[PDB]
Amino acid sequence: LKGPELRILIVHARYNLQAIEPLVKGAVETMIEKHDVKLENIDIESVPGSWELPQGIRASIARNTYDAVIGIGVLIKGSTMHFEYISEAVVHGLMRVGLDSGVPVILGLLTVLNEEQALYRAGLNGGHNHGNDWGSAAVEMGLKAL
Amino acid sequence: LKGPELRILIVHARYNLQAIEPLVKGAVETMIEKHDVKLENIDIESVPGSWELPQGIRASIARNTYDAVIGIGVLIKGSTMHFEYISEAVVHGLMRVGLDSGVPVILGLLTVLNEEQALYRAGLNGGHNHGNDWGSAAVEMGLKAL
Amino acid sequence: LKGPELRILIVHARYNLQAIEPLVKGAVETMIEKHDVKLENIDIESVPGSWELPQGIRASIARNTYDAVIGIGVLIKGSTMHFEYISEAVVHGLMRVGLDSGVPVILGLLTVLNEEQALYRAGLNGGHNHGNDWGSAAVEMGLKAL
Amino acid sequence: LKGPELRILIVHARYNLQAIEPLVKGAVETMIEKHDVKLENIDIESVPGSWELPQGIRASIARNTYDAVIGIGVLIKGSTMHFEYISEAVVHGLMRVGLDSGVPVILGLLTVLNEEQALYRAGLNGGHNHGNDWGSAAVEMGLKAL
Amino acid sequence: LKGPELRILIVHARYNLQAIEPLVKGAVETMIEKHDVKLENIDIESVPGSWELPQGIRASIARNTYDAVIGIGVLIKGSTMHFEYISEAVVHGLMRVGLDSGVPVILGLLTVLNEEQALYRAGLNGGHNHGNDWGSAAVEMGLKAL
Ligand SMILES: Cc1cc2nc3c(=O)[nH]c(=O)nc-3n(C[C@H](O)[C@H](O)[C@H](O)CO)c2cc1C
Ligand SMILES: Cc1cc2nc3c(=O)[nH]c(=O)nc-3n(C[C@H](O)[C@H](O)[C@H](O)CO)c2cc1C
Ligand SMILES: Cc1cc2nc3c(=O)[nH]c(=O)nc-3n(C[C@H](O)[C@H](O)[C@H](O)CO)c2cc1C
Ligand SMILES: Cc1cc2nc3c(=O)[nH]c(=O)nc-3n(C[C@H](O)[C@H](O)[C@H](O)CO)c2cc1C
Ligand SMILES: Cc1cc2nc3c(=O)[nH]c(=O)nc-3n(C[C@H](O)[C@H](O)[C@H](O)CO)c2cc1C
């Protein structure tokens, strides 16, 4: 699968930048090197945290045109019930933005119990980088949408 | 119940292809052999994973016309809360696509604790193939929609 | 409360027909014998399972005109998480169909732990038939809608 | 805060009339005696149970015009999962009706473990009547909407 | 990041004023002193409780024009299931108001187990004031929306 003409959007939160950078990297790397996506055709915006992910994406979708978008963020279970309610709302929200707009939104949200689980899924400490998978999913959904 | 004229869509994810193939097979087999559905009248698309099921279906529904569609995928509980939030969002999303479009969407999503439970419901190891049930449900809902 | 002119719809699933029949019976019986609903003014459709309840109702609401509708089905906790996610989606969906259409939808969905609990609520083994209650609720909501 | 011109709607379910009456009383009493709401400007409808609360309100909102509405009902945990799914759907539904219509909907739904907890929140056995609070909330939201 | 021209709205509930005031303070303080927001450009409304947060915001968004809004409130787990259902509905609702309007809504809702956890997140007893974070998030989302 190659998408030389595909325009892709990547909105990521800023908390847990240690797990987030590897995630974004893998996504970009994979699209460029495996699906022939052009670097200039990849916009990368950012928002304070995961809560702003759905709106950040919705705003950008209104401005320019993209074939696919990837929402990236990591939520870690804390002492309160915050984790549970935000996770549910954000996941439901990304799903909504995608269905409302007709633009494929790939879920790059990690909802873990601790930092280790997040880093592991970002490719560190012997884990597999899930950003790569999201990159290929973006490309694939982008093409099927044409 | 026979649906010789029915056009049916089947979108399935690709993770856990071991449980997914049997599922799709049973669905197709059942429609052809028990409800007289014509093989040429059955489109089979695929997406990376369960998260893309709702959008994959919505896109296809916009292109061609179908009397019913079956969303197939299997989610397995992992170490994080991922399983819980995606399961809820995907199920809610397939329900939405169906009600929004007026096209019957049959739920072929397995949300299990482990691989064994999935294979069991795919007809292996003495279990009953649920794909068969989904096939008959598609045919029935398709006819009642006419 | 009497509704001689009321037209009522009853869509029921087919799994657990042992608990479902008593449920439907009580609903019909109650409407006829206590609220003067005319037998000819009661349509009874059916769908494979509870998942199709929302769409089955939405389709029918589009065809003919009804003053109230009753969605009947029984979900039993199983080995997987299926029970939990379907229950939530179906209940949320019936609520949606009702609010979207303006037509009162009475919830006749039983979400139990085992078969016994269902039969008990269907009037068997010393229990009270909840179908009766749903019948009266349909009639009442139908009238208040006029 | 005084609302002599405010028109307020109160829809309440009928199950657990022992806890419900005190609740409604407190709401009305409080509005009349503390916010100068006129008794003639307070409509009080009723529905069979909590499930019908959202639709009962939506129907009335379509007929007449109100500045605020209070949904009152009490759900008690039972032997099945019924309590959990209905509670979630009803709460989500009242929230929806309010946001869809632009009319403030005050939540007067009690979701308790047992009858005692409900009566306690209805002002009995040394508890505080929450109906009073809902009455003041209705008045306040009604005014801010003008 | 500076937003001298930004107009920001802050709607807060009134229960737990001990935790709420510090929260609002930190938000305002941070915007003024770190992002050059003008005090006259910050409206501060209030509602009885967290349930009214979504509607309170929706009403105000309809009146005047803002670049961002912050919903502040604190919910504390009690004896009943109330906490759980309201938390979920309010969080889902704030998310909806934001996506429906196109106006960024920052979540300043604390869903804690006890009063201590709330005060801690309000900057007291050695904790970090989260109002500051919400203030910066509002400013940032406000600018990116232009
Ligand atoms: C107590 C608390 C914990 C938070 N934890 C996270 C987290 O783990 N990941 C994340 O992206 N954002 C987190 N956020 C920020 C949240 O996503 C959101 O951006 C804010 O509530 C709105 O700015 C947290 C906010 C608060 C108040
Ligand atoms: C940590 C993790 C676990 C996943 N588990 C599953 C699974 O069990 N089944 C499935 O269809 N997709 C799974 N997916 C992929 C998911 O459905 C979805 O496709 C992606 O998040 C978007 O490409 C998983 C993704 C991640 C990051
Ligand atoms: C594993 C499994 C368990 C099911 N259990 C029920 C049940 O208890 N009640 C019911 O009405 N339908 C049940 N269904 C069918 C479901 O409501 C729905 O009809 C299908 O997924 C779509 O045809 C089940 C389906 C599956 C695959
Ligand atoms: C098994 C069962 C338990 C119920 N429990 C309550 C309850 O505690 N409170 C209430 O207002 N309604 C209750 N209802 C009725 C429900 O709100 C709703 O009105 C019906 O399902 C639709 O008429 C119950 C209905 C059933 C079938
Ligand atoms: C039993 C009960 C507990 C409540 N607890 C809270 C709370 O912890 N925080 C809050 O902002 N509002 C709380 N509220 C009020 C709620 O947010 C809402 O304003 C009302 O139900 C509508 O006025 C509570 C209301 C009730 C009846």
# chains A, B, ... in the order shown; residues from 1 in each chain; ligands from 1
$ calpha_fit_and_write --fixed "chain A" --moving "chain B" --output "compact mmCIF listing (two decimals) with C-alpha atoms, in the first residue's frame"
# COMPACT_ATOMS: atom_id res chain seq x y z
CA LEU B 1 -0.02 0.01 -0.01
CA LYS B 2 1.41 3.33 -1.15
CA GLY B 3 -0.09 6.78 -0.69
CA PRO B 4 2.17 9.38 -2.39
CA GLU B 5 -0.76 11.79 -2.72
CA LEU B 6 -2.23 11.28 0.75
CA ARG B 7 -2.40 14.23 3.11
CA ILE B 8 -2.36 13.12 6.74
CA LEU B 9 -2.96 14.93 10.02
CA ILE B 10 -1.45 14.05 13.41
CA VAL B 11 -2.72 15.77 16.56
CA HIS B 12 -0.99 14.74 19.79
CA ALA B 13 -1.24 15.78 23.40
CA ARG B 14 1.76 16.98 25.39
CA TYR B 15 1.57 15.11 28.71
CA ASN B 16 3.98 12.18 28.87
CA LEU B 17 6.16 13.48 26.07
CA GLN B 18 8.50 10.56 26.81
CA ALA B 19 5.99 8.06 25.48
CA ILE B 20 4.42 10.41 22.95
CA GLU B 21 7.51 11.29 20.90
CA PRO B 22 8.38 7.66 20.12
CA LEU B 23 4.74 7.16 19.16
CA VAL B 24 4.65 10.07 16.71
CA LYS B 25 8.09 9.14 15.33
CA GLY B 26 7.02 5.59 14.56
CA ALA B 27 3.87 6.81 12.87
CA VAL B 28 5.70 9.27 10.63
CA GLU B 29 8.66 6.95 9.96
CA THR B 30 6.35 4.12 8.94
CA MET B 31 4.26 6.25 6.56
CA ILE B 32 7.28 7.77 4.81
CA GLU B 33 9.45 4.65 4.58
CA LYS B 34 6.78 2.00 3.97
CA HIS B 35 3.87 3.71 2.25
CA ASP B 36 5.65 6.48 0.34
CA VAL B 37 3.85 9.29 2.13
CA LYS B 38 5.55 12.63 1.48
CA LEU B 39 6.90 14.42 4.52
CA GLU B 40 5.42 17.74 3.32
CA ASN B 41 2.03 16.05 3.25
CA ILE B 42 2.02 15.40 7.00
CA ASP B 43 0.81 18.12 9.38
CA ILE B 44 1.59 17.76 13.06
CA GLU B 45 -0.43 19.85 15.51
CA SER B 46 -0.51 19.50 19.28
CA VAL B 47 -2.81 20.28 22.19
CA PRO B 48 -2.25 20.52 25.95
CA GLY B 49 -3.78 17.17 26.82
CA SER B 50 -5.95 14.24 25.71
CA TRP B 51 -9.18 16.03 26.54
CA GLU B 52 -8.48 18.54 23.74
CA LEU B 53 -7.78 15.79 21.20
CA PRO B 54 -11.34 15.61 19.79
CA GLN B 55 -11.75 19.38 19.42
CA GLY B 56 -8.20 19.90 18.20
CA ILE B 57 -8.92 17.45 15.40
CA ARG B 58 -12.38 18.85 14.60
CA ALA B 59 -10.95 22.35 14.25
CA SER B 60 -8.17 21.28 11.88
CA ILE B 61 -10.54 19.13 9.79
CA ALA B 62 -12.58 22.30 9.22
CA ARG B 63 -9.55 24.31 8.05
CA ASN B 64 -7.63 22.06 5.65
CA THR B 65 -8.43 18.76 3.94
CA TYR B 66 -6.92 15.46 5.01
CA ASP B 67 -7.41 11.85 3.97
CA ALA B 68 -6.83 10.53 7.46
CA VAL B 69 -5.95 11.76 10.92
CA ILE B 70 -4.28 10.16 13.94
CA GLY B 71 -5.14 11.17 17.49
CA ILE B 72 -2.27 10.45 19.85
CA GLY B 73 -2.21 10.74 23.61
CA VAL B 74 -1.56 8.73 26.75
CA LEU B 75 -3.73 8.54 29.85
CA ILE B 76 -2.41 6.97 33.04
CA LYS B 77 -4.55 5.72 35.93
CA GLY B 78 -4.22 8.08 38.90
CA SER B 79 -5.62 8.31 42.42
CA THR B 80 -9.04 9.61 41.43
CA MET B 81 -11.73 8.47 38.97
CA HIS B 82 -10.51 11.10 36.52
CA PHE B 83 -8.72 8.52 34.36
CA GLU B 84 -11.88 6.46 33.88
CA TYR B 85 -14.24 9.26 32.86
CA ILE B 86 -11.83 11.16 30.58
CA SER B 87 -10.76 7.95 28.82
CA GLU B 88 -14.33 7.06 28.01
CA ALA B 89 -15.24 10.59 26.86
CA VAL B 90 -12.16 11.06 24.68
CA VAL B 91 -12.47 7.67 22.99
CA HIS B 92 -16.17 8.25 22.35
CA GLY B 93 -15.36 11.73 21.06
CA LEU B 94 -12.70 10.72 18.54
CA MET B 95 -15.14 8.12 17.24
CA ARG B 96 -17.75 10.84 16.88
CA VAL B 97 -15.54 13.34 15.07
CA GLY B 98 -14.62 10.64 12.59
CA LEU B 99 -18.22 9.55 11.87
CA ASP B 100 -19.48 13.14 11.74
CA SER B 101 -16.86 14.31 9.26
CA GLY B 102 -16.49 11.22 7.13
CA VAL B 103 -12.73 11.54 7.66
CA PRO B 104 -11.00 8.43 9.08
CA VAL B 105 -9.69 9.02 12.59
CA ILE B 106 -7.17 6.47 13.87
CA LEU B 107 -7.13 5.95 17.64
CA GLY B 108 -3.62 6.47 19.00
CA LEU B 109 -4.75 6.83 22.61
CA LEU B 110 -3.03 4.69 25.24
CA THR B 111 -5.05 4.09 28.41
CA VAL B 112 -2.62 2.44 30.80
CA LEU B 113 -2.18 1.63 34.52
CA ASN B 114 1.34 3.02 34.71
CA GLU B 115 4.15 4.74 32.80
CA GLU B 116 5.92 1.45 32.09
CA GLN B 117 2.95 0.07 30.13
CA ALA B 118 2.97 3.21 27.98
CA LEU B 119 6.69 3.17 27.21
CA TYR B 120 6.42 -0.53 26.38
CA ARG B 121 3.81 0.21 23.76
CA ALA B 122 5.93 3.06 22.42
CA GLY B 123 8.62 0.56 21.44
CA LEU B 124 10.92 0.97 24.47
CA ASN B 125 12.14 -1.75 26.88
CA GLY B 126 11.58 -4.54 24.37
CA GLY B 127 8.08 -3.50 23.39
CA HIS B 128 6.53 -2.94 19.97
CA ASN B 129 5.91 0.65 18.80
CA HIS B 130 2.18 0.99 18.17
CA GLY B 131 2.74 4.24 16.30
CA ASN B 132 3.90 2.15 13.36
CA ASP B 133 0.60 0.30 13.31
CA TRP B 134 -1.36 3.56 13.46
CA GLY B 135 0.68 4.92 10.59
CA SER B 136 -0.19 2.01 8.34
CA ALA B 137 -3.83 2.17 9.44
CA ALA B 138 -4.00 5.85 8.49
CA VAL B 139 -2.60 5.17 5.03
CA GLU B 140 -4.93 2.26 4.44
CA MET B 141 -8.08 4.05 5.59
CA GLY B 142 -7.04 7.07 3.58
CA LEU B 143 -6.87 5.11 0.34
CA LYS B 144 -10.10 3.18 0.91
CA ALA B 145 -11.81 6.56 1.37
CA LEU B 146 -10.95 7.43 -2.24
$ select_by_dssp --residues "segment 81-126 of chain C" --states "alpha helix (DSSP H)" --output "number ranges by chain"
C: 82-101, 115-120
$ write_last_selection --atoms "N, CA, C and O atoms" --output "compact mmCIF listing (two decimals), in the first residue's frame"
# COMPACT_ATOMS: atom_id res chain seq x y z
N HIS C 82 -19.59 -9.83 26.33
CA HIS C 82 -20.65 -9.57 25.37
C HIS C 82 -21.91 -8.99 26.03
O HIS C 82 -22.42 -7.95 25.59
N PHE C 83 -22.40 -9.68 27.05
CA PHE C 83 -23.60 -9.26 27.76
C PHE C 83 -23.55 -7.78 28.13
O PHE C 83 -24.46 -7.02 27.80
N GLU C 84 -22.48 -7.37 28.79
CA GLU C 84 -22.33 -6.00 29.22
C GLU C 84 -22.38 -4.94 28.11
O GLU C 84 -23.11 -3.96 28.22
N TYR C 85 -21.62 -5.14 27.05
CA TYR C 85 -21.60 -4.15 25.97
C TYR C 85 -22.89 -4.09 25.14
O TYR C 85 -23.35 -3.00 24.79
N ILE C 86 -23.49 -5.23 24.85
CA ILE C 86 -24.73 -5.26 24.07
C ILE C 86 -25.87 -4.62 24.86
O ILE C 86 -26.67 -3.86 24.32
N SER C 87 -25.94 -4.96 26.15
CA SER C 87 -26.99 -4.43 27.00
C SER C 87 -26.98 -2.92 26.97
O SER C 87 -28.00 -2.28 26.75
N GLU C 88 -25.80 -2.36 27.20
CA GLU C 88 -25.64 -0.92 27.22
C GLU C 88 -26.00 -0.27 25.88
O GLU C 88 -26.70 0.74 25.84
N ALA C 89 -25.54 -0.86 24.78
CA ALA C 89 -25.81 -0.31 23.46
C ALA C 89 -27.30 -0.38 23.10
O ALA C 89 -27.87 0.59 22.61
N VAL C 90 -27.92 -1.53 23.36
CA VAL C 90 -29.33 -1.71 23.04
C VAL C 90 -30.22 -0.77 23.85
O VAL C 90 -31.14 -0.15 23.30
N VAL C 91 -29.96 -0.65 25.15
CA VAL C 91 -30.77 0.23 25.98
C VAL C 91 -30.61 1.67 25.51
O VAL C 91 -31.59 2.39 25.38
N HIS C 92 -29.38 2.08 25.23
CA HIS C 92 -29.10 3.44 24.77
C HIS C 92 -29.78 3.68 23.42
O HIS C 92 -30.29 4.78 23.16
N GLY C 93 -29.78 2.64 22.59
CA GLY C 93 -30.38 2.73 21.26
C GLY C 93 -31.89 2.85 21.23
O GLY C 93 -32.45 3.55 20.38
N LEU C 94 -32.58 2.14 22.13
CA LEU C 94 -34.03 2.20 22.19
C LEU C 94 -34.42 3.60 22.66
O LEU C 94 -35.38 4.20 22.17
N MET C 95 -33.65 4.12 23.61
CA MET C 95 -33.87 5.45 24.14
C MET C 95 -33.70 6.45 22.99
O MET C 95 -34.49 7.39 22.85
N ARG C 96 -32.69 6.24 22.15
CA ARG C 96 -32.47 7.15 21.04
C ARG C 96 -33.58 7.13 20.02
O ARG C 96 -34.07 8.18 19.60
N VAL C 97 -33.97 5.94 19.59
CA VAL C 97 -35.04 5.82 18.61
C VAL C 97 -36.29 6.55 19.08
O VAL C 97 -36.94 7.25 18.30
N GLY C 98 -36.60 6.40 20.36
CA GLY C 98 -37.76 7.07 20.91
C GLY C 98 -37.67 8.58 20.85
O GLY C 98 -38.60 9.23 20.37
N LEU C 99 -36.56 9.14 21.32
CA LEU C 99 -36.36 10.58 21.32
C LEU C 99 -36.23 11.17 19.92
O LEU C 99 -36.64 12.32 19.69
N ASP C 100 -35.66 10.41 19.00
CA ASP C 100 -35.49 10.88 17.62
C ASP C 100 -36.82 10.99 16.90
O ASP C 100 -37.09 11.96 16.21
N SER C 101 -37.65 9.97 17.09
CA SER C 101 -38.94 9.89 16.41
C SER C 101 -40.09 10.63 17.08
O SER C 101 -41.04 11.03 16.40
N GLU C 115 -31.24 -17.60 33.49
CA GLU C 115 -32.58 -17.91 32.99
C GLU C 115 -33.68 -17.79 34.03
O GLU C 115 -34.78 -17.32 33.73
N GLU C 116 -33.39 -18.23 35.25
CA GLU C 116 -34.38 -18.19 36.30
C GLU C 116 -34.89 -16.78 36.53
O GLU C 116 -36.10 -16.55 36.60
N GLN C 117 -33.97 -15.83 36.63
CA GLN C 117 -34.37 -14.44 36.86
C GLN C 117 -35.31 -13.91 35.77
O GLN C 117 -36.19 -13.09 36.05
N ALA C 118 -35.11 -14.38 34.55
CA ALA C 118 -35.92 -13.95 33.42
C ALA C 118 -37.33 -14.54 33.52
O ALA C 118 -38.32 -13.82 33.40
N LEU C 119 -37.41 -15.85 33.73
CA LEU C 119 -38.70 -16.51 33.85
C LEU C 119 -39.51 -15.91 34.99
O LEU C 119 -40.72 -15.72 34.88
N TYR C 120 -38.83 -15.60 36.09
CA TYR C 120 -39.47 -15.01 37.26
C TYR C 120 -40.16 -13.70 36.90
O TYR C 120 -41.25 -13.41 37.38
$ select_by_dssp --residues "segment 10-142 of chain E" --states "strand (DSSP E)" --output "list in words"
residues 10, 11, 12, 13, 42, 43, 44, 45, 46, 47, 68, 69, 70, 71, 72, 73, 74, 75, 76, 105, 106, 107, 108, 109, 110, 111 and 112 of chain E
